[PDB]
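Peer 1: Next input, structure requested:
(one chain, ligands or ions: 2)
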Amino acid sequence: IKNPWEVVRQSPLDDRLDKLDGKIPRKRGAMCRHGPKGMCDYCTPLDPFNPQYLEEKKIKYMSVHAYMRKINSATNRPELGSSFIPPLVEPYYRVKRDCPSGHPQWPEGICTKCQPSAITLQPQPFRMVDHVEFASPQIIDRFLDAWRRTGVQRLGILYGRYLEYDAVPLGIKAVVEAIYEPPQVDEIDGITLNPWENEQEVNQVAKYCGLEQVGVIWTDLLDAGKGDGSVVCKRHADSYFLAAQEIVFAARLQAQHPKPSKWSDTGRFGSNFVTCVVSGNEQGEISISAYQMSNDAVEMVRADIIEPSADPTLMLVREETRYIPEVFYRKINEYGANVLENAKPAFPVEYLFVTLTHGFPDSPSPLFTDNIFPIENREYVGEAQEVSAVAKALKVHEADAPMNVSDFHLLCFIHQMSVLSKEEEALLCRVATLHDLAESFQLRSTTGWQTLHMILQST
Ligand SMILES: [Zn+2]
Ligand SMILES: [Zn+2]
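Peer 2: Numbering: from 1, shown residues only. Ligands and ions are numbered 1, 2, ... in the order given. Here you go:
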């Protein structure tokens, strides 16, 4: 029937990027001997994956689209149809499903044709997402307020959207518009997550805003003790940048957020879920570091093959409900040759993640402009969400004031109140994100809006 790569719906971003070759144009050079409109082998456009170009621009990884261009013939496209061969294969390091060999299924039998092949951990040369752009520093500042006033760490879920990142060939960036802080118990050196009961409701609200979960963020901050805001630099070469347990956590998260792809044999390939860590840099400044767990790491966590060791820089391969194949990791000796080492019983974590760049936009134009509502799950800091906070934010007794509803947490709380219908709530979120005066007026005319205001006036 229809294959997986035929029925999956990609994002508009992926649809746009599929049509680009990403070739980097070039001008005449010192070795070119032709006119301003001729061409030779020294001025031909470069591939998006040209190693020399990426090295020259200090680009550590090529975009996943450039990687696809590299490994795939340009004629092989889904448009061909039945003759299309998806070039992307998502790692599968588990026993194969529905083995027609004769032996019983995995837990009771196994032949050489259904056992997984030997794993070879090499550094991933591509990254699904290339950049993490925060729409405004106020987002991170409001997030870190939790730690500033408590001294304990904090975790949040990044809500936003994916866009083209032009600074790198065929790049992609996650634009973060808000940080939702889910239920948790925070300590000076750890975070325990509690059941996120309303995750689907928050997802619905974000969808009304044209947003989605794009990653996770957490803090590893510790005041240096100089009364100047400086923090301790605890993540560095001589320690770690991501702990094995953190890598497993982020890998599980990525596995739960697969990216649909019309170029994969299974319709999905990799994940756009990014991971951000706020901590001290070599200058004692609060800074961000963006990462993504490799697809091999995600598959190994999917296969329950690895687990954290007592050393945060080392990952254990679990011993013999699961199958442990050969696991090597690749190194280079002093002679320059490639060497395969046995990753068992423990191997370095450096092979399990890739690094992303991050920043704020030139001139921020964020979707959510108003900070007028307490953030969720902050009772432990005396910050509680109440209907009175809604009445205050909506300035319900000051009829002469302008509408200010551009706050994601306010939108989530209002969704919780369950007063506006789906159409009314969609209009509210559209007004919050796009700020169209005519649509604000239209919202003020709705029956749900007036019901909400009558409710709010009686508190
Ligand atoms: Zn030339
Ligand atoms: Zn078999």
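Peer 1: Against ligand 1, how distant is the closest residue to residue 119 other than its chain neighbours?
Peer 2: Among residues not flanking residue 119 along the chain, residue 327 sits closest, at 4.6 Å (C-beta to C-beta, 6 or more residues apart in numbering). In short, each C-beta sits where N, CA and C put it, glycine included. Counting by C-beta to the ion, to the nearest Å, the gap from residue 327 to ligand 1 is 48 Å.
Peer 1: Would you list the phi and psi of residue 327?
Peer 2: phi -130, psi 110 (degrees, to the nearest 10).
Peer 1: In contact with it, which residues?
Peer 2: By C-beta atoms under 8 Å, 6 or more residues apart in numbering, the contact set of residue 327 is 118, 119, 121, 305, 317, 342, 343, 344, 347.
Peer 1: nearest to residue 6, of the residues you listed?
Peer 2: Sorting the contacts of residue 327 by how near they are to residue 6, with C-beta to C-beta, puts residue 119 at the top with 29.8 Å.
Peer 1: partner residues bridging residue 46?
Peer 2: Here residue 46 sits in beta bridges with residue 24, going by DSSP bridges.
Peer 1: Residue 200 should be in a helix, yeah?
Peer 2: Yes. Residue 200: assigned to a helix according to DSSP: H, G, I helix; E, B strand; the rest coil.
Peer 1: that older thread, and which of the contacts of residue 327 is nearest to ligand 1?
Peer 2: residue 121 (41.2 Å; C-beta to the ion).
Peer 1: Look up the closest residue to that closest one, ignoring the ones flanking it.
Peer 2: In space, residue 121 is closest to residue 329, 4.0 Å off (C-beta to C-beta, 6+ apart).
Peer 1: Give me the residues contacting stretch 389-397.
Peer 2: Stretch 389-397 is touched from outside by 370, 372-374, 401, 404-405, 407, 410, 413-414, 417, 453, 456-457, 459, with contacts defined as C-beta under 8 Å, 6+ apart.
Peer 1: quick revisit: mind checking the backbone torsions on the residue nearest to residue 121?
Peer 2: Main-chain dihedrals, residue 329, degrees, to the nearest 10: phi -130, psi 150.
Peer 1: roughly how far apart are it and ligand 2?
Peer 2: Using C-beta to the ion, residue 329 is found at 27 Å from ligand 2.
Peer 1: From what I see, that residue and residue 341 are in contact.
Peer 2: Yes. With contact defined as C-beta atoms under 8 Å, residue 329 and residue 341 form a contacting pair (5.7 Å).
Peer 1: overlap in contacts of the two?
Peer 2: Jointly contacting residue 329 and residue 341 under the rule C-beta under 8 Å, 6+ apart are residue 347.
Peer 1: Between those two, which is the more surrounded one?
Peer 2: Taking other C-beta atoms under 10 Å, residue 329 and residue 341 do not tie; residue 329 has more neighbours (22 against 13).
Peer 1: ok, the more buried one - contacts?
Peer 2: Contacts for residue 329 (C-beta under 8 Å, 6+ apart) come out as 120, 121, 122, 340, 341, 343, 347, 348, 351.
Peer 1: what do you get if the cut-off is 7 Å, keeping everything else the same?
Peer 2: Contact partners of residue 329, counting by C-beta atoms under 7 Å, 6 or more residues apart in numbering, are 121, 341, 343, 347, 351.
Peer 1: and if you look at residue 91?
Peer 2: By C-beta under 7 Å, 6+ apart, the contact list for residue 91 reads 295, 296, 299.
Peer 1: is it true that the first one touches residue 270?
Peer 2: The reference is to residue 295. Yes. With contact defined as C-beta atoms under 7 Å, residue 295 and residue 270 form a contacting pair (5.5 Å).
Peer 1: By neighbour count, which of the contacts of residue 91 wins?
Peer 2: Result: residue 295 is most packed of the contacts of residue 91 (other C-beta under 10 Å), 23 neighbours.
Peer 1: can you pull the buried residues of stretch 64-74?
Peer 2: Judged by neighbour count using 16 or more other C-beta atoms under 10 Å, the buried positions of stretch 64-74 are 64, 65, 66, 67, 68, 69.
Peer 1: just stretch 216-228 next, same as before
Peer 2: So, applying 16+ other C-beta under 10 Å, buried residues of stretch 216-228: 216, 217, 218, 219, 220, 221, 222, 223.
Peer 1: do the same with stretch 190-197
Peer 2: Under 16+ other C-beta under 10 Å, the buried positions of stretch 190-197 are residue 191.
Peer 1: And residue 346, how far from ligand 1?
Peer 2: Counting by C-beta to the ion, the separation of residue 346 from ligand 1 is 52 Å.
Peer 1: Kindly report the same for residue 53.
Peer 2: 16 Å.
Peer 1: circling back: derive a ChimeraX selection command for the buried subset of the contacts of residue 329.
Peer 2: ChimeraX command restricting the contacts of residue 329 to the buried ones, with burial defined by 16+ other C-beta under 10 Å:
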select :121,343,347,351
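Peer 1: which of the contacts of residue 329 lies closest to residue 207?
Peer 2: Lowest distance from residue 207 to those (C-beta to C-beta) belongs to residue 351, with 35.7 Å.
Peer 1: Now do the contacts for the closest one.
Peer 2: The contact partners of residue 351, by C-beta under 7 Å, 6+ apart, come to 121, 123, 329.
Peer 1: hmm, back to that, relative to residue 265, which of the contacts of residue 327 is nearest.
Peer 2: Checking those against residue 265 with C-beta to C-beta, the nearest one is residue 119 at 18.9 Å.
Peer 1: ok, that closest one touching residue 92?
Peer 2: No. Residue 119 is not in contact with residue 92 according to C-beta under 7 Å; the separation is 10.9 Å.
Peer 1: So between the two, which is more surrounded?
Peer 2: Set residue 119 next to residue 92 and count neighbours by other C-beta under 10 Å: residue 119 wins out with 21 against 15.
Peer 1: how near is that one to ligand 2?
Peer 2: Residue 119 is 19 Å from ligand 2, where distance means C-beta to the ion.
Peer 1: Near residue 370, how many other residues are there?
Peer 2: Residue 370 has 15 neighbours, counted by other C-beta under 10 Å.
Peer 1: At which residues are the helices of the stretch 51-200 of the chain located?
Peer 2: 51-56, 64-71, 137-148, 199-208 (DSSP state H, counting those that start in this stretch).
Peer 1: Let me have those helices in TSV, extended by distance to residue 281.
Peer 2: As requested, the helices of the stretch 51-200 of the chain are arranged in TSV below (distance: least, C-beta to C-beta, whole Å):
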stretch	distance to residue 281
helix 51-56	24
helix 64-71	28
helix 137-148	14
helix 199-208	31
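Peer 1: Let me know which of those is tucked in deepest.
Peer 2: Comparing these by mean neighbour count (mean count of other C-beta atoms under 10 Å), helix 64-71 ranks first with a mean of 21.
Peer 1: same for that one, what does it pack against?
Peer 2: Using 3 or more C-beta pairs under 7 Å, 6 or more residues apart in numbering; DSSP states H and E as the contact test, the elements touching helix 64-71 are strand 126-127.
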